[PDB]
2 protein chains.
Amino acid sequence: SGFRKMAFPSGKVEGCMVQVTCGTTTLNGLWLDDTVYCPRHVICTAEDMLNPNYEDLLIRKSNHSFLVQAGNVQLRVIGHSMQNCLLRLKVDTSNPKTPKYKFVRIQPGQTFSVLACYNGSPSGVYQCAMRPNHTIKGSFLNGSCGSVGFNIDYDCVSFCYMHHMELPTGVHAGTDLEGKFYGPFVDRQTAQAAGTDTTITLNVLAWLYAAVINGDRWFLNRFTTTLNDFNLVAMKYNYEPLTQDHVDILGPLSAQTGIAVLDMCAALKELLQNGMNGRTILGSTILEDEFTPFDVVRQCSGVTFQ
Amino acid sequence: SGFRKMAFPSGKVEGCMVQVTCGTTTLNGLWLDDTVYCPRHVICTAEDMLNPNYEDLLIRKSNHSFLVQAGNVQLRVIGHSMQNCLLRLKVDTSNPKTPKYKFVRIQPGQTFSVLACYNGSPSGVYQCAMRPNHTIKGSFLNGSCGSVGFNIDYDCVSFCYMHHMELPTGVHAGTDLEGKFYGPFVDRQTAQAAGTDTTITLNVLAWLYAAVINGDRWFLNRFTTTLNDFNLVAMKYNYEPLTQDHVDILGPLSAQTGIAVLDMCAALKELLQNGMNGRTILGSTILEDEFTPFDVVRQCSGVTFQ
Ligand SMILES: O=C(Cn1nnc2ccccc21)N(Cc1ccsc1)c1ccc(-c2c[nH]cn2)cc1
Ligand SMILES: O=C(Cn1nnc2ccccc21)N(Cc1ccsc1)c1ccc(-c2c[nH]cn2)cc1
């Protein structure tokens, strides 16, 4: 029993973290096989960030412009190239701790584990949702750039995020491991700001299913809803509209609990209109939206507490 | 910026997890040097748990009654002994991944990272407070017994918890790594129940300091309090009484923010009496008590956002 925001075990990723220095600028890199991946802003001074031309900054560097430190060991850079907003450094040594891995671009609403790192040294691990506005509500200080986000399936690490930026509202922006930003953000000084955000409806429904699996039904009701009538209420409360694709994804949790998805939508409508009347769900006073349907099936018993 | 419930990176602990089987009973062990530590209830059938005599159950076992599996490798047991509520198995092989480590008994209100494990395989990591009632609000399923809790300081792992039991309210109980239970709990079937709990006042104050370091002052006020007048309010709201030792511990956070501890106590009194008036602190609608003063200094900037 219980329900916690649970990260994946971080060891497979810890063994891949290194420090990358270019001049007076240091941040973290990800060392897989004979490549080190890091934010291309490592080649900038703080002042270059005002209007950088990365092509023009990079052509002025050699392989020996870059220092890579793996624990106590100096790795020698033997090649370099820019891929979107990442630098790829070729090094003379293959990481012997390289796990089975993939690069994946995650979709808004999906979750991942962040390994916060400073100077190539892992400091902490926590779980993040990718917000609909393509930010994450992380916890990052100066030097955290190049920290990565990931999921693990059967000893395969799926890397999905590299940390580049904190926006003026204190939320975080970054790229996939091809160097493409999540969202409309850029690695230079602009008036860019986190867009309007919405509550991840699919995740709230998954988490209500988690609460029933763990034995709690107080918030259910005798009503049903159509998808359209649910969405009129969703719009009022700044929830993402529910789609038939979302209903289909909730099939397995609906079958484990015997609560039809649109009956669980009617329960959520009543919680949005009436509030929680001083009650908790899975120990929360608010509706939680940072657990996916996958997260719930991963963490909860396969046997409902009926 | 940001503030998250952050666990320590789990790799150093992952390399120590194994599976221990005695007959038809399997759970997790911790492999350090040539010793495997696990809950002594591995020697019981489900029925033995009703009234076990562990001394009488153990003397009926040999070294070869125990199977230890480290990944794909069978470790041979060459000795065994009971220490309080743990079994210590001597094995023929020293764990080459043994980190620098200590065993520590943590105090109520202190935090630690849990590596949830099944069949010797790590599944997830999350941060726990030890409640004043000596339980943890974990997330554990059948097979999780022998999962451990830990803190890391400068590459030294301080192990502080081994998982034994879920209580009837769904909260969790276990031992230190000498096999002494936290709290009055026993590894047999009784009417034992989680005692009355209280909110960890020191941790709430630390987290209000975190909110000021991160740039938010909305909840401060022009008032001060004595320790006695604060404690009359604490008693009404089921908070732990504040002591002078707690005031002293908050010295560094008080100095970083320039808010006297008893002035921050007056802010908390007003939040307890008036509520949060629809506002959030560090994104929370409630007062958070699972971050210690140490946790706040570890995670927050050393520079207040003034
Ligand atoms: O946001 C960042 C870097 N960053 N990321 N996470 C952080 C958390 C706390 C503080 C700073 C953080 N910027 C701001 C910026 C400016 C234009 S685009 C983005 C940032 C600041 C300095 C540098 C830099 C490059 N070279 C030396 N310093 C790069 C990014
Ligand atoms: O609570 C446990 C074991 N346990 N720990 N975390 C859990 C989470 C979900 C389900 C069970 C969990 N017990 C109950 C108990 C009974 C007397 S004392 C404690 C438990 C159940 C069975 C066994 C057992 C021993 N041998 C075979 N099964 C041991 C503990």
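Quick note: numbers below take in every heavy atom, side chains included, and nothing from hydrogens, waters or symmetry partners. Order of the sequence lines fixes the chain letters, A, B, ..., with proteins taken first and strands second; residue numbering starts at 1 for each chain.
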Query raised in the report: Measuring from B:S284:OG to A:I286:CD1, what's the distance to the nearest 0.5 Å?
Result: 7.5 Å

Requested in this report: Counting only heavy atoms closer than 4.5 Å, note whether B:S123 contacts chain A via side chain, backbone, both or neither.
Outcome: backbone

**Report entry** Winner by heavy-atom pair count (cut-off under 4.5 Å) against chain B, out of A:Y126, A:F8, A:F3
**Finding:** A:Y126

**Report entry** For the student: nearest non-hydrogen atoms of A:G11 and B:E14, plus distance
**Finding:** N-OE2, 2.8 Å

Report task. Examine whether an atom of B:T285 lies under 4.5 Å from a heavy atom of chain A, and if so say whether it belongs to the side chain, the backbone or both; otherwise answer neither. Result -> side chain

Requested in this report: With a 4.5 Å cut-off on heavy-atom pairs, point out which of B:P9, B:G2, B:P122 contacts chain A the most.
Outcome: B:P9

Query - Portion of B:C128 that has a non-hydrogen atom of chain A nearer than 4.5 angstrom - result: both

Query raised in the report: Do A:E290 and B:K5 meet the salt-bridge criterion of a basic N to acidic O distance under 4.0 Å?
Result: no

Query raised in the report: What is the distance from atom CG of B:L141 to atom OG of A:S1, rounded to the nearest 0.5 Å?
Result: 8.5 Å

Requested in this report: Can you establish whether the number of heavy atoms outside A:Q273 located under 6.0 Å from its atom CD is more than 12?
Outcome: yes

Requested in this report: Please look at B:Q299 and chain A and tell me whether the side chain, the backbone, both or neither of the residue comes under 4.5 angstrom of a heavy atom of that chain.
Outcome: both

Query raised in the report: For the candidates A:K12, A:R298, A:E166, which exhibits the highest count of non-hydrogen atom pairs separated by less than 4.5 Å from chain B?
Result: A:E166

Query raised in the report: Are more than 12 heavy atoms from other residues, nucleotides or ligands located less than 6.0 Å from atom CG of B:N277?
Result: no

Query - Atom pair CG (B:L282) and OG (A:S139), whose distance is rounded to the nearest 0.5 Å - result: 9.5 Å

Query raised in the report: Has the side chain of A:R4 got a donor or acceptor atom that lies under 3.5 Å from a matching backbone atom of B:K137?
Result: yes

**Report entry** Nearest-0.5 Å distance that lies between atom CG in A:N142 and atom OG in B:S301
**Finding:** 9.0 Å

